[PDB]
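Visitor: Take this structure, written in structure tokens, and hold onto it; I'll ask about it next.
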Amino acid sequence: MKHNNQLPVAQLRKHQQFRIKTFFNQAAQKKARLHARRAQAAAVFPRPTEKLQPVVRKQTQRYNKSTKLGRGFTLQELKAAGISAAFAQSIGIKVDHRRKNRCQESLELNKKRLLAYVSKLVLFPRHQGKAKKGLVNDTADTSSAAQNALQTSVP
Amino acid sequence: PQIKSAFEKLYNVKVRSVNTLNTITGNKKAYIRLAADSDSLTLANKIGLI
Amino acid sequence: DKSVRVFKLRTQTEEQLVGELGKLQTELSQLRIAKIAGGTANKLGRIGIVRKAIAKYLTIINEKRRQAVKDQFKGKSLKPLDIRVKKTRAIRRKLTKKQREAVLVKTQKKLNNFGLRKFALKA
Amino acid sequence: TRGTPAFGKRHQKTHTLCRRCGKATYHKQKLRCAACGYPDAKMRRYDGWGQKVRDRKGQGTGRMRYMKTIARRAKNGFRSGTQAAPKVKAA
Amino acid sequence: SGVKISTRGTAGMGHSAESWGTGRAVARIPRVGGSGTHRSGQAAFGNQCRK
Amino acid sequence: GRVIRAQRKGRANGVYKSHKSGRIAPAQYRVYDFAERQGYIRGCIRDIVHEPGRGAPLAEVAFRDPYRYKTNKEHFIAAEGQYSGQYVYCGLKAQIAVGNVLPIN
Amino acid sequence: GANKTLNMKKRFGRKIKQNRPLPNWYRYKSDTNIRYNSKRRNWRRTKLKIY
RNA sequence: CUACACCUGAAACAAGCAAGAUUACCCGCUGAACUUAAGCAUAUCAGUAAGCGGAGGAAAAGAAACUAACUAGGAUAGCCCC
RNA sequence: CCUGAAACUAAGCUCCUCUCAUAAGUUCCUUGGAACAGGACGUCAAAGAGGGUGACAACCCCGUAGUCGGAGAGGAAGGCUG
RNA sequence: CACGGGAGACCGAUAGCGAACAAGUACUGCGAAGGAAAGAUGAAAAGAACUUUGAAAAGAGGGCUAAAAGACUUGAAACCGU
RNA sequence: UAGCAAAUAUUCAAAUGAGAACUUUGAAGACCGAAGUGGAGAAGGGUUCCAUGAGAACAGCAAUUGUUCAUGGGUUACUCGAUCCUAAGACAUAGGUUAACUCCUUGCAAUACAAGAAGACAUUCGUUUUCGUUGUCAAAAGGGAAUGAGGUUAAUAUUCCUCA
RNA sequence: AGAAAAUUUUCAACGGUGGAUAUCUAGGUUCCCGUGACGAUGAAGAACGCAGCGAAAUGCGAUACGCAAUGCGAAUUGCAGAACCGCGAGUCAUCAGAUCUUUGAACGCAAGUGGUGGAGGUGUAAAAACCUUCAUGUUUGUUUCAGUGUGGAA
Ligand SMILES: [Mg+2]
Ligand SMILES: [Mg+2]
Ligand SMILES: [Mg+2]
Ligand SMILES: [Mg+2]
Ligand SMILES: [Mg+2]
Ligand SMILES: [Mg+2]
Ligand SMILES: [Mg+2]
Ligand SMILES: [Mg+2]
Ligand SMILES: [Mg+2]
Ligand SMILES: [Mg+2]
Ligand SMILES: [Mg+2]
Ligand SMILES: [Mg+2]
Ligand SMILES: [Mg+2]
Ligand SMILES: [Mg+2]
Ligand SMILES: [Mg+2]
Ligand SMILES: [Mg+2]
Ligand SMILES: [Mg+2]
Ligand SMILES: [Mg+2]
Ligand SMILES: [Mg+2]
Ligand SMILES: [Mg+2]
Ligand SMILES: [Mg+2]
Ligand SMILES: [Mg+2]
Ligand SMILES: [Mg+2]
Ligand SMILES: [Mg+2]
Ligand SMILES: [Mg+2]
Ligand SMILES: [Mg+2]
Ligand SMILES: [Mg+2]
Ligand SMILES: [Mg+2]
Ligand SMILES: [Mg+2]
Ligand SMILES: [Mg+2]
Ligand SMILES: [Mg+2]
Ligand SMILES: [Mg+2]
Ligand SMILES: [Mg+2]
Ligand SMILES: [Zn+2]
């Protein structure tokens, strides 16, 4: 302990030899994730990649000014959309039952989002039969074959 | 006794006595004495032991 | 003096195969007695030949006997352990597919009335 | 005298061959084997304690009659009751 | 790349090895206690030592 | 920090463990038979021997079992003057004589 | 001495057989490096474990 | 009191289950000193070694008796930050 | 406003295992025990990764590439969709 | 950790796992446990025919082979003989 | 070079061999002197035993010789011993303790206890009857059913052969 | 100029000791990826065996360096003898059916012992000898039972 330099802060005081983490897998891992994602697309083909996410304000005073992707839609919101949680789920919508709406505007955003979703939707029933709730769209839509990303369609 | 019987059934002879050895090499020597009826030399001859 | 062919063996009866077995064995003993007294290379080879032979014969006999017992027990569970599947202790000890997938009532209902649909978004 | 003249007095043997591990580790007075512990009925070895042991006695150390084929038939799906079939399709 | 690290330790560290102590007219380095092998008494783990 | 001999005497694996190979039997009384509480049972001194740990001789006493055909042997403590082949009386009514066994009252 | 277990007898027999020299014709094989049997043993200089 | 029923315990028998192995990773326990404090008790090494009991392909964890007080967020797990 | 165990009835795909096959100089000189060397003339190349052949060989042999290609056999602790 | 795959500005026979090899082996310890040394003839055995002197090892002739490279590639130093 | 000096001792001729102070026969001289340098065992050794052969190495000189090397061959039991019995002891089972591992009790048998044995008919069961609390291991000098003489092999023999 | 040798000594060449250097590698080491897949259907480990000529290592288990099936389609090879040209060679591979001695969680009891019980099979005039079978815990049941446990008709 010699010079003016700042008081050291011990690091290797314990036996770290047992406790080191190595990052070489990272290389391959990224790749794996890619293929996973891709193989999801292929197996999900007619449907979108990421399920529908509502939006909210962030949880901190400093973050309030910003916008964040929620985990799920408020039952209140599904009501104003006219969807049952169960149905919305069969649709690819993400629902969260512990979240609550304390503002008109927070209802608004998500209604707008839901409606936007539905309008742009295509629904395949058991072949050539048609249905009612959230309804069901014409057989010709089967030919329309849309592979789409949610940010493009519902931003 | 197993040896007496087996030796009779196999060689058509009457075995008067059987005695047993365990060699260190790990085998069982059997010293077999035939009754007065048979002649060892003969059984030897038929077996190809001469 | 010829090699023994398996199919040829599977052609015969059990009696036949047995009688032959006994013969073969007697052969062997005679032959080892060859080695011991005096012997020709012919006899030496004879040995290995007959040994392998006897093995083969036995093999067949068991194939047959086996397929027979398996036959009797065909159709029943509670076969002798000999015949029951041997894979891994863990394998047999495990649940069935019936049981893997098997589902509670409420579940079959949701699966009917809600389920998952094919959708597409357009942009 | 603790030395050479003392060594003459050793004709006793405290151990005999352990049925389980077969060395002369068996203690007739204590009725156990210092190596495996044959009566104990589960193998005596302390791994963290000291490190070389498993490579002396341990899994894979002597031939494994059953397990070696487990590797191979692991991939083959554990076939039971199957026979190989000709690619020539003889009937 | 790196040198073997295993249950036993970094390679070359694989003995129970002592320092004979000053009395023996030998160097203080760690040796291998034991009997019956030519490796016995041979210098133990350290840069200086073969093995 | 050693262990004194004082302490080493309570060890049962230890060196101090009685040498029992000579012991003949515990020296005790008869079992408390009905006979003894309400009456008297009589036995013989088949012998008075020496137990290797004992200063006092032991008396070997034959009794007839009340409930069966067996003859019961028992070992009592020698009362000075007791003879081999003596009749010893144990119980309620047994009278006062050297070597008889009564209640103290 | 005289008195022996079976186990003993068998073990001794084993080591007795294993104590033969490399058969003179094995040295003529194409794939072998073996001039001699390195594992031979002499009762006087080295002792077995049987108890 | 008997037959009989039920509660409780017992023997033999039928069909199935556990007993050991594995070590890198995982779970539940148990648990020190060398070492650092330039001495040394608290402390540190450290819930670390050794020891014991359990698994699996992963284990564990998980649908709030959570955060936060903001125009709030919302199972568990890993990465980055803090 | 929706759904479908039973029964009846068509066509299919996925994954795994074991096998079988594929370009183009062995032309000429010189030095060599050996040419796989240095020269002269040639070729294939979605193949000039790497090996083996008496030597630092694309072209002699195994391979490599076209090949998430083609052909044959058997599979699902008894795969999946009408 | 086990069986598999592929790879590397790793190591290259006192290095690299202790073990390139009948290596957790030989060997030691009553025992718990300890634990080494040891890889390269040649393209091909063509591994030295035969003569001679020797009781024999072996020497001298003679020969294989590109070369003895002959228990074996190269063959440094210390040490030793001429 | 130090050194190969304890334990009284060797010598002669022949033979064998390339070679003999160190091998074999014979002839002499001495030693252990039945508290042996003799004849057999236990522990320990494990083939060191027997025969034939023999280059190197080893047998601290030597060797034609070997406890060494190579090849083959040798260990026979109703009566010997183990095996059975109990001892000093010890370990299961049962019950209890431990995080667990482990640990505590048990012949005078239990810190346990609905634990056994026998008979007969039956001859399976069953039937039936009788009496009943419940384990094992530890002695090659202790206890302990019965064999001897003669002969034989290169090497075994109270074992094989003969006789009793 | 004890102007020779021997000794002591410098240098070189050759020879001897010795195994450095150079060049290699069916090895190690580390990284990434794939599967976790042992066992009372007796595992991991241990013992003893198994080749015409075999000790070890590796394989195997009285069917013993191996049977069967399948794919490769002619060798093994150190010696000797056979087998095979496709009725098919092989120390080849694949591996899905068999063999699997004595053991070991290890199992009737016991054990430094191939010792010794019960039941069944066999054998005999009766025996001996041989063979198969019996561990503990637990979840159901089946059968037979005990309890001055609770009820209780004729
Ligand atoms: Mg991963
Ligand atoms: Mg091994
Ligand atoms: Mg192995
Ligand atoms: Mg000094
Ligand atoms: Mg005790
Ligand atoms: Mg002995
Ligand atoms: Mg000695
Ligand atoms: Mg020794
Ligand atoms: Mg009940
Ligand atoms: Mg376990
Ligand atoms: Mg430290
Ligand atoms: Mg200090
Ligand atoms: Mg802390
Ligand atoms: Mg597992
Ligand atoms: Mg030329
Ligand atoms: Mg060219
Ligand atoms: Mg090339
Ligand atoms: Mg290709
Ligand atoms: Mg010459
Ligand atoms: Mg040269
Ligand atoms: Mg010089
Ligand atoms: Mg001296
Ligand atoms: Mg003497
Ligand atoms: Mg003597
Ligand atoms: Mg003698
Ligand atoms: Mg006792
Ligand atoms: Mg006790
Ligand atoms: Mg007697
Ligand atoms: Mg007699
Ligand atoms: Mg030189
Ligand atoms: Mg074939
Ligand atoms: Mg039971
Ligand atoms: Mg009652
Ligand atoms: Zn053991």
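Readers should treat all values here as calculations from the given coordinates under stated rules, not as data from a laboratory. Every residue, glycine among them, receives a Cβ derived from its backbone with ideal geometry; neighbour counts consider all protein chains shown.
Visitor: Taking into account only those residues within the stretch D:21-63 that are aromatic (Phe, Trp, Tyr) and more than 17 Å from residue E:8 (Cβ to Cβ), which is surrounded by the fewest Cβ atoms within 10 Å (Cβ to Cβ)?
Guide: D:38
Visitor: Which of the following residues is of a type in the set (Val, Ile, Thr), over 30 Å from residue F:4 (Cα atoms) and crowded, with 16+ Cβ neighbours inside 10 Å: F:48, F:104, F:24, F:77?
Guide: Checking each option against the conditions leaves just F:48.
Visitor: Check residue G:18 against each of (1) within 14 Å of another protein chain (Cβ to nearest Cβ); (2) more than 16 Å from ligand 6 (Cβ to nearest atom); (3) without any contact (Cβ under 8 Å) to a residue 12 or more places away in the chain and name the one condition it does not meet.
Guide: Among (1) within 14 Å of another protein chain (Cβ to nearest Cβ); (2) more than 16 Å from ligand 6 (Cβ to nearest atom); (3) without any contact (Cβ under 8 Å) to a residue 12 or more places away in the chain, residue G:18 violates only (3).
Visitor: If I go through the stretch E:12-25 residue by residue, how many of them are surrounded by 13 or more Cβ atoms within 10 Å (Cβ to Cβ) and near RNA strand J (Cβ under 8 Å from one of its atoms)?
Guide: The qualifying residues number 5.
Visitor: Output the number of residues of the stretch D:9-44 satisfying the condition of being within 11 Å of another protein chain (Cβ to nearest Cβ) and within 8 Å of RNA strand J (Cβ to nearest atom). Write out each step before concluding.
Guide: Pass one, the stretch D:9-44, residues within 11 Å of another protein chain (Cβ to nearest Cβ): D:11-19, D:22-28.
Then keep just the ones that are within 8 Å of RNA strand J (Cβ to nearest atom); that gives D:13-15, D:23-25.
Counting residues in the stretch D:9-44 that are within 11 Å of another protein chain (Cβ to nearest Cβ) and within 8 Å of RNA strand J (Cβ to nearest atom) gives 6.
Visitor: Hey, does the stretch E:4-26 have a residue that's assigned to a loop (DSSP other than H, G, I, E, B), within 11 Å of RNA strand L (Cβ to nearest atom), of a type in the set (S, T, N, Q) and within 22 Å of residue D:47 (Cβ to Cβ)?
Guide: Yes, the conditions are met somewhere in the stretch E:4-26.
Visitor: In addition: Check every one of the helices (runs of 4 or more DSSP H) wholly within the stretch A:35-131 and list those with 3 or more residues that are under 22 Å from residue C:119 (Cβ atoms) and more than 14 Å from chain C (Cβ to nearest Cβ).
Guide: Answer list for the stretch A:35-131: A:75-81, A:104-119.
Visitor: What about residue D:72, is it within 12 Å of RNA strand J (Cβ to nearest atom) and in contact with a helix residue (DSSP H, G or I) (Cβ under 7 Å, 6 or more places away or on another chain)?
Guide: On the way: within 12 Å of RNA strand J (Cβ to nearest atom): yes; in contact with a helix residue (DSSP H, G or I) (Cβ under 7 Å, 6 or more places away or on another chain): no.
No: the conditions fail for residue D:72.
Visitor: Determine whether residue G:51 is away from RNA strand H (no atom under 16 Å from the Cβ), more than 12 Å from chain B (Cβ to nearest Cβ) and surrounded by 12 or more Cβ atoms within 10 Å (Cβ to Cβ).
Guide: Against the criterion (away from RNA strand H (no atom under 16 Å from the Cβ), more than 12 Å from chain B (Cβ to nearest Cβ) and surrounded by 12 or more Cβ atoms within 10 Å (Cβ to Cβ)), residue G:51 qualifies.
Visitor: Being more than 8 Å from RNA strand L (Cβ to nearest atom) and not in a helix (DSSP H, G or I) is the requirement here; does residue C:39 meet it?
Guide: yes
Visitor: Restricting the stretch C:97-123 to residues that are out of contact with any strand residue (DSSP E or B) (no Cβ under 9 Å at 6 or more places or on another chain), within 13 Å of another protein chain (Cβ to nearest Cβ) and among the charged types (D, E, K, R), which is surrounded by the fewest Cβ atoms within 10 Å (Cβ to Cβ)?
Guide: C:106
Visitor: Would you be able to tell me the number of residues in the stretch A:62-105 that are polar (S, T, N, Q) and either under 18 Å from residue A:154 (Cα atoms) or touching a residue at least 60 places away in the same chain (Cβ under 8 Å) (or both)?
Guide: Number satisfying all stated conditions: 3.
Visitor: Starting from the stretch C:69-96, keep only residues that are within 12 Å of chain D (Cβ to nearest Cβ), then list their pairs with residues that are of a type in the set (S, T, N, Q) whose Cβ atoms are within a distance under 8 Å, requiring at least 6 positions of separation or different chains.
Guide: From the stretch C:69-96, the pairs are C:85/D:80; C:86/D:80; C:87/D:80.
Visitor: Follow-up question, since we're still on this one. Does residue E:31 fit the bill of being among the basic types (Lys, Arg), surrounded by 11 or more Cβ atoms within 10 Å (Cβ to Cβ) and either in a strand (DSSP E or B) or touching a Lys or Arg at 6+ places or on another chain (Cβ under 8 Å) (or both)?
Guide: yes
Visitor: A further question on this structure: Any residue in the stretch D:56-73 that's part of a loop (DSSP other than H, G, I, E, B): show its pairings with residues that are within 16 Å of ligand 34 (Cβ to nearest atom) and among the aliphatic types (A, V, I, L, M) at Cβ separation under 8 Å, as long as the two are six or more apart or on different chains.
Guide: D:57/D:35
Visitor: Identify all residues within the stretch A:143-155 that are within 17 Å of residue A:44 (Cβ to Cβ) and within 9 Å of another protein chain (Cβ to nearest Cβ); write none if there are none. Don't jump to the end; show me each part of the working.
Guide: In the first step, residues of the stretch A:143-155 are kept if they are within 17 Å of residue A:44 (Cβ to Cβ); the result is A:144-153.
A:144, A:145, A:146, A:147, A:148, A:149, A:150, A:152, A:153 - these are the residues of the stretch A:143-155 that are within 17 Å of residue A:44 (Cβ to Cβ) and within 9 Å of another protein chain (Cβ to nearest Cβ).
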